[PDB]
Structures are given as C-alpha cells and as structure tokens.
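Please read the structure below before turning to the comments.
Just follow the structure's listing: the first ligand is 1, and inside any ligand the first atom is 1. All heavy atoms count here, side chains included; hydrogens, waters and symmetry mates do not. By convention in this document, chain letters (A, B, ...) are assigned in the order of the sequence lines, proteins followed by strands, and residues within each chain are numbered from 1.
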Amino acid sequence: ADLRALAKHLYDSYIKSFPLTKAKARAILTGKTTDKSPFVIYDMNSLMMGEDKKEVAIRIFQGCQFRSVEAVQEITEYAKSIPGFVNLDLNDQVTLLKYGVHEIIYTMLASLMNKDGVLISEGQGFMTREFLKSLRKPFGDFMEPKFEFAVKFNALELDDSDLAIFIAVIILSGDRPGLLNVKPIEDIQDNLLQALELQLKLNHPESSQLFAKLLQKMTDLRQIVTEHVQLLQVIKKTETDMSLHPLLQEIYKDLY
Amino acid sequence: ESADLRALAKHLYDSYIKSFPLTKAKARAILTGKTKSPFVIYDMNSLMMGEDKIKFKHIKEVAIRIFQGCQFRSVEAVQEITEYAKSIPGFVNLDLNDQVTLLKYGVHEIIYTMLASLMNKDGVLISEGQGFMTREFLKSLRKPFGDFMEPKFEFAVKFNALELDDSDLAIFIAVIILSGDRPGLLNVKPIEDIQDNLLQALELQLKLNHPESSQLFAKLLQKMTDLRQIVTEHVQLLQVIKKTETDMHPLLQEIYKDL
Ligand SMILES: O=C(O)c1c(Sc2ccccc2)c2cc(Cl)ccc2n1Cc1ccccc1
Ligand SMILES: O=C(O)c1c(Sc2ccccc2)c2cc(Cl)ccc2n1Cc1ccccc1
C-alpha cells in the first residue's frame, strides 16, 4: 500500500511539526558537539536561577500544563498530515485528538528523559528527577509514572522515523469512546500498522517481536493517562486558587 | 521454527480444553442458540426463581448477592487459570516468586478476556452456561451496582468483533500471563524468552486461522490497553463498594477478599 512512501511522509511531517526530535534530545543529553549543553535545575536555588537564565511546586506544574498546550498544537498539526485524517467526520477528528494527545505527549516526553531527569525549554535546561520528587504533596510524584515509563520505553531504542509512525497509529484508534464512524478509522490504522511493521523489520532487523513489544507499550501509555487524571482530581480536591488552561479543560472534560 | 510454533499452539489449546470446562465454542453454541437451554434472568422475579432453580454457591439485598456471587465465581476461575498457567512450557521452572507475581497481576486480565466469551450485547452466561442474565437487568440495579458491568459489556462487544476462537485465545491468555513488565519480577529474562515464542506462535495462529483478517495480531495486542483499563477501574470500584457497603462470615471473608 506504498508503505515506504507512507513511512517517509509521516517522518517528514513529524520533523516539520515537532521542533525537538529524539535525535536532538539524545545529542543534548549525551554531550554531543552538534548541540549545546543544558542548564541544570536540581534544587530550589537552581530553579530560581533557571527561570531567569508564588509557590514553586504549583508554578512548575503550571509550566508543564502550558508546554502541554503547545504540544497539543504540534500534535494537531502533525495529525492533519496523516493520510485520511482530515477526511473523517469532524466530530471524530475531535474525538481522536481528545483521546490521543496525552498518549502522544507521554511517548514523546520519553525522548526528553533519562533515568535522572528531563529536558525542558526545547532542550535548553534539564530538570532532575530527584528535584521533582522533592516537591510538596501532591506534586512530588506527578512525574514519577512518566519516568518509569520512559526508562522501559527507551530500552526499545526507537528513533524518530519509528516514532512518527507509532504516534500516527495511536491517533487513529477506532476504539476511542464516542466515535461515530469506526470503520474508516480502522482502515487508516490498518495501513499505518502495516507501515509500522515494515519500518521496524527494516530499521531493527535484529530485534525480535519489536512490533509486538511496541504495541504492548500502548497499554502503559493508557495507564499513565488514567493515573494522571486520578492525580488531577486529587489536586482538584485538595488545592484552591489553581487555574487550568481552556484547551486542557476541553480535553479533560470528560475523559475517563 | 514453524512446525514447533504449531505444536506449541496445539499443546496450549489441549491444556486450555483440559483447564476450562466452559469454552468459547460451547458458550457461543448457547448464545446463538445452536441446539439444554439457559434459564433467563431478566428481572427481579426471574432472579428469585433462578436462585431456587440453579445451584449457586452464593445461596441479603439483590445487588449485593449478585456481586458477591460474581466474586465467588472469579475466585474459582483463578484456580482454572493457575492450572492452565502451569501447562505453559517453561512456566513451572520460573522462580516461584515470579510465578506468583505473574498470576497475581495476570488473572484479572484473563478473567475479563474469557468473560467476553460468555457475553454478547444482550447479557452474560452464568453458572456454567445454565443461565443467562440480561445486560438490561444489570443496568437496573441501584448505584453503584448499575454501572459496574457496563464497561465490561463495552469491552466484550469490541473484543468479540475480532471473532477469536478457543485456539486463538489459548495462546493469547498465555501471552498475557508471561508479561515481563509486572512489578517486582526477579528474573525477567526467561519470562520474555517464553513470551517471545508465544507471540510468534500467536502471530502464526492468527495468520493461519484468520487468513483474510488484516493486522489481527496487532489489533488483538492493542485490545490489552482497554483490558488493563477495565481491570484498573474494577479494582477501584471494589475499593469503594467495600468501604461503603455493609452487606459485603469471617472465615468466608478470608477466602474471597482477594482473587
Ligand atoms: O517548558 C517545558 O519544556 C517543560 C516544563 S515547564 C518548567 C520546567 C521547569 C521549571 C519551570 C517550568 C516542564 C515541567 C515538568 Cl514537571 C516536566 C517537563 C517540563 N517541560 C518539558 C515538556 C516537554 C513536552 C511536554 C511538556 C513538558
Ligand atoms: O456465578 C456465575 O457464574 C456468575 C455470576 S454469579 C450470579 C449471577 C446471577 C445472579 C446471582 C449471582 C455473575 C455475576 C455477574 Cl454480575 C456477572 C457474571 C457472573 N457469572 C459468570 C462468571 C463467569 C466467570 C467469572 C465470573 C463470573
């Protein structure tokens, strides 16, 4: 079904839509001379220095929300290039985005993570995992599930060209709640799955059942989203003067 | 290693037959009505007579009685799944702590997978095919019980649209059990080595058993996302039912509190 051209089309659109690729993320993280070293936020003192180079825990959590809004915009731009996506019923285009966007944010956040922390500000900073664990409850563990996923996910050693197809497979899920026309979505995903299987065969010939192992990770992705909405509710129960961005309000209402 | 992937599939199907008395083929021969015939539980009157007619190990307000009956049966299911697990080549040679971990986290997923075999859009087979409880009758139960089975009916309708048979499911259940991502595993290596052979066996099985069915392997694997979700929301529903229901023997409590 011209699976190689489709693989490449997706990869090009992914490079067009997302400003920080995994290749660049890894080059920054491992001190390559193609890129610049990051400023490191590891405690309250360096955070305050990082923000220039009321409560800090709420302010970090809010920063993450805002970068997530830009991330939703990038995802949506990417999704328009997925062949067939813009031809679907408009309500279905909304539904697929509403349910897929966090699973994609988390997939792609793995690209910015190692076991010790996460790239921030398109890779200009690096915030440590230990600093994030040190924040006030309930904010001291909101990133832990994402780190634990990133470590496992990153062991698959996927590259940008593998990830572009994988993210498209995620968006085109005909099992999302409240879809009107399931069949045209499954037809699209069928092609994307074929392209993914072929991409992994060619790109990882020595890697047994990599296709299967990647699809199984979709399970972890969904549980992160599930846990995250549980955490949001705990924050709603226990926190007061706390504002949520309109775009995120729409996504979360009423997700799971 | 095609011939032995086929032997593995045949071996697993044979053990599945041995371990699970009510199979999908049998459940389907009842649900489509292909002939015994089930006693129907469509309302409170029929429930009452059903309890007198069918055996029931559970024979308290109705919604409670049903939910405890379900738990009692789930505990029975765990021992069938455990027996089956022990027939998966390599499983009984794993570190004992790891066997326990795989079963602890795997049984729930397997219970819901196999419950789909007993279900259609209209209701569920109960007591070994001897009964049938309507989906509508479950919805009518008072909150929080009216909403408890609905997500499972949702899952089953999407899962059953794959049209898997017992031979497919035998290998799929094994794949579920041998997951190297369960927390607290000591030795992930042999677990993933077994799962790898099982995945290869499953891939071939689906290709041969469903030649006209594109990306069925992939679609089945992605069904695991909705499965885990069902399980997570079920456990939190139990951990609200428990904390809030007064109708829920100390000795019996000990047996049935966990799966
Ligand atoms: O602005 C950012 O790039 C950023 C932020 S914003 C921020 C970071 C440090 C100090 C203040 C704000 C962020 C926060 C967390 Cl807890 C985790 C990851 C974060 N990132 C990186 C990120 C990348 C993709 C999607 C969301 C966030
Ligand atoms: O005892 C049973 O066979 C049964 C029960 S027990 C029961 C059924 C109807 C009325 C009273 C008790 C059950 C209950 C729900 Cl709400 C759903 C499925 C159920 N089943 C069928 C079942 C099969 C496998 C695993 C769990 C349950």
Side-chain angles (χ1 to χ4, degrees), chain A residues 18-20 25 39 41 46-51 56-72 74-75 101-102 104-113 117-129 131-133 135 139-140 142-144 146-147, chain B residues 20-22 27 39 41 44 46-48 50-51 54 56 58-60 62-78 80-81 107-108 110-119 123-135 137-138 141 145 148-150 152-153 259:
Chain A
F18 304 110
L20 184 55
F39 185 86
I41 295 167
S46 60
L47 167 87
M48 256 64 167
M49 292 284 92
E51 284 175 294
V56 39
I58 299 185
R59 183 165 73 209
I60 286 163
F61 188 77
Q62 279 177 171
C64 192
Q65 281 183 44
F66 177 59
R67 173 56 259 207
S68 288
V69 167
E70 303 174 13
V72 169
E74 296 166 338
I75 305 319
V101 95
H102 288 108
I104 294 160
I105 293 173
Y106 303 136
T107 299
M108 292 184 71
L109 207 39
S111 292
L112 314 187
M113 289 172 158
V118 60
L119 296 179
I120 58 148
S121 327
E122 212 221 294
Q124 301 161 314
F126 176 85
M127 181 157 60
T128 69
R129 180 171 184 181
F131 169 60
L132 286 162
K133 287 188 78 165
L135 302 169
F139 297 104
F142 81 101
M143 283 299 290
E144 276 307 291
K146 288 76 159 164
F147 283 110
Chain B
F20 305 116
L22 185 54
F39 181 94
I41 299 165
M44 224 68 73
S46 41
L47 179 61
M48 262 60 157
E51 277 173 320
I54 319 163
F56 281 125
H58 90 261
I59 64 149
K60 234 154 208 268
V62 161
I64 301 303
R65 226 151 65 206
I66 294 170
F67 187 90
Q68 293 184 137
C70 186
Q71 189 63 19
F72 294 149
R73 175 66 186 108
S74 285
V75 169
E76 278 196 298
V78 176
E80 296 174 351
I81 300 170
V107 290
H108 258 102
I110 296 157
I111 286 166
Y112 291 113
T113 296
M114 302 189 68
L115 188 68
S117 301
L118 309 191
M119 305 188 272
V124 59
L125 286 179
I126 55 155
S127 33
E128 314 151 6
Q130 271 133 236
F132 179 80
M133 181 163 280
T134 62
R135 182 172 177 180
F137 173 62
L138 282 157
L141 298 175
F145 294 97
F148 100 82
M149 279 300 284
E150 265 303 306
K152 286 74 162 184
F153 277 108
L259 277 193

Next item on the list: Under 4.0 Å from a heavy atom of B/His58: give me the atoms of ligand 2 that qualify, with their elements.
Entry: 11 (C), 12 (C)

Check: Is there a donor in the side chain of B/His58 and an acceptor in the side chain of B/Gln71, or the other way round, less than 3.5 Å apart?
Finding: no

Checklist line | Between CE on residue B/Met133 and CG on residue B/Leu125, distance to nearest 0.5 Å | finding: 12.0 Å

Note to self: What I want to find out is whether B/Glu128 reaches B/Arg73 closely enough, with some N-O distance under 4.0 Å, to be called a salt bridge.
What the structure shows: no

Check: Using 30° and 60° as the class limits, which term best fits the ring planes of B/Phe145 and B/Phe148: parallel, tilted or perpendicular?
Finding: perpendicular

Next item on the list: Sequence neighbours left out, what passes ring pair (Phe, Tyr, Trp, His ring centres under 6.0 Å) with A/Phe131? Give chain and number order.
Entry: none

Report all N/O contacts between ligand 1 and the protein shorter than 3.5 Å as a table of atom names and distances to 0.1 Å; if there are none, say 'none'.
| unit_1 | atom_1 | unit_2 | atom_2 | d |
| --- | --- | --- | --- | --- |
| ligand 1 | 3 (O) | A/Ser121 | N | 3.0 |

Note to self: Please evaluate residues B/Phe72 and B/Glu76 with respect to the criterion side-chain contact (heavy atoms from CB on, under 4.5 Å), reporting the C-alpha separation (whole Å), side-chain torsions for both, the decisive distance (0.1 Å), and the verdict.
What the structure shows: CA-CA 7 Å; B/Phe72 294 149; B/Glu76 278 196 298; over 6 Å; no

